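Only one chain is shown below, in structure tokens, and it's the form deposited in one PDB entry.
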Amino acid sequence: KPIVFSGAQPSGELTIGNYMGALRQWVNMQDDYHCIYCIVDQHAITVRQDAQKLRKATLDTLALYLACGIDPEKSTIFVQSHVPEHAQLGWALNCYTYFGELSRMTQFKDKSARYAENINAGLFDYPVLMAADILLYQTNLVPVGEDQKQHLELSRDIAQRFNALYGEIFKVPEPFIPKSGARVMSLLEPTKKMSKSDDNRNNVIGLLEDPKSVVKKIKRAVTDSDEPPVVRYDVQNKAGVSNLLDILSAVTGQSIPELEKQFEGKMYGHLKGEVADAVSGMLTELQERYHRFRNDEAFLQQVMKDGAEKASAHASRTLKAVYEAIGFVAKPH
């Protein structure tokens, strides 16, 4: 049974796209793979932010993942900084990573533009820590979005390079190739995917938005001039309408041919009304689960404590072999 590792940023404002795409897909596969979810608070601090907000967002992310169906009995979920092995292997893998490999990262060069005032060593060194995150757990599979592909490739390079010197210490991870299938596009830019990182929040529906705000953003979702207004799937002529159908279908399960006949003789106004109802209905159940988890501090502590302990048994095993291989004197027990 393959080991899967995902990093969860304790700062991402997750959208319905995240939830009905990757998250829903992985929630349904917790018994097929040994899934590990790691809230990467050590990665987060490469971008400076309020300390209290980072603490709060670490817990928000924990409760949100739980509300989405991550089951801490089936999967391992934990906070990165709670397992010191991440930093430890992070340092040691620096010594097997070329400076040039890090310099050629587009994530570093792109994030240098956005944060030209904090081009800090953490921003530069992020891929090595990522590499350590993955390799500690003998990970077979990493779901990555497009802008993490090069980071995963470095991880595979580091694993192979390290193995070539010392033996099969790490598993070489593979990208998880199949995509969720749900199509959720930006509400004003329906050629671009709805993204949690959009600075234009009116493109997205965040997982915690209330129904009044959902209607606001859906009602302003772009449509087509087509006279008469016809609810028909056409990603090039009627993308906006096609996006609303795709989102509704992702919410309800109804097929696109079913939805077309559902809205036969209906206007663009009612289609948005049905989308908002379906989306807010979905978000209302997620939200009540979120707040039940989120307000239960003892529960969240127990999850964090149990997850870190599960992660640690694997992480320390790998780090022990790493340190033995590199040549350190073992810590006297």
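Numbers for residues come from their place in the sequence shown, where the first is 1. Here, rigid core means the biggest group of C-alpha atoms that superpose within 1.5 Å across both forms.
- A summary of the deposited B-factors shows that, of 153 to 161 and 252 to 260, the stretch with the larger mean C-alpha value is 252 to 260.
- As the entry records it, the average C-alpha temperature factor is higher for 105 to 113, out of 165 to 173 and 105 to 113.
- The top Cα temperature factor in the record, among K56, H291, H34, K272, falls on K272.
- Take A298, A63, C38, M267 and read off each C-alpha B-factor from the entry; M267 has the highest.
- The deposited CA B-factor of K179 belongs to the middle third of values across its chain.
- For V215, the recorded CA temperature factor ranks within the highest third of the chain's modelled residues.
- When all modelled residues of the chain are sorted by CA temperature factor, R201 is found within the highest third.
- In the PDB entry, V79 places in the lowest third of its chain by CA B-factor.
- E189: CA B factor in the highest third of modelled residues in this chain (values from the PDB entry).
In what follows, reference is made to the form solved in complex with a small molecule, a form of this protein that is not presented.
- For the residues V214, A159, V251, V184, the 4.5 Å heavy atom test against the small molecule in the entry with it bound is passed only by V184.
- Think of it this way: in the entry with it bound, the small molecule has a heavy atom of just one of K219, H82, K74, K196 within 4.5 Å, and the residue is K196.
- For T318, no non-hydrogen atom is located within 4.5 Å of the small molecule in the entry with it bound, even though that partner is not displayed.
- At the 4.5 Å threshold, heavy atoms of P257 stay clear of the small molecule in the entry with it bound, well away from it.
- At least one heavy atom of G145 is located within 4.5 Å of the small molecule in the entry with it bound.
- Although the partner is absent here, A325 is not a contact residue: none of its heavy atoms lies within 4.5 angstroms of the small molecule in the entry with it bound.
- Residues within 4.5 angstroms of the small molecule in the entry with it bound, judged by any non-hydrogen atom, belong to 187 to 195 and to none of the other stretches in 163 to 171, 205 to 213, 187 to 195, 219 to 227.
- Here the two forms are overlaid on the core, and between this form and the one not shown the C-alpha of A116 is the only one among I177, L165, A121, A116 to shift by 2 Å or more.
- Once the cores line up, the CA of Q107 ends up 2 angstroms or more apart between this form and the one not shown.
- The pair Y115 and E101 approaches in the entry with it bound: their C-alpha atoms are at least 3 Å nearer to each other than in the form depicted.
- Look at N120 and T106: in the entry with it bound their Cα atoms come 3 Å or more closer than in this form.
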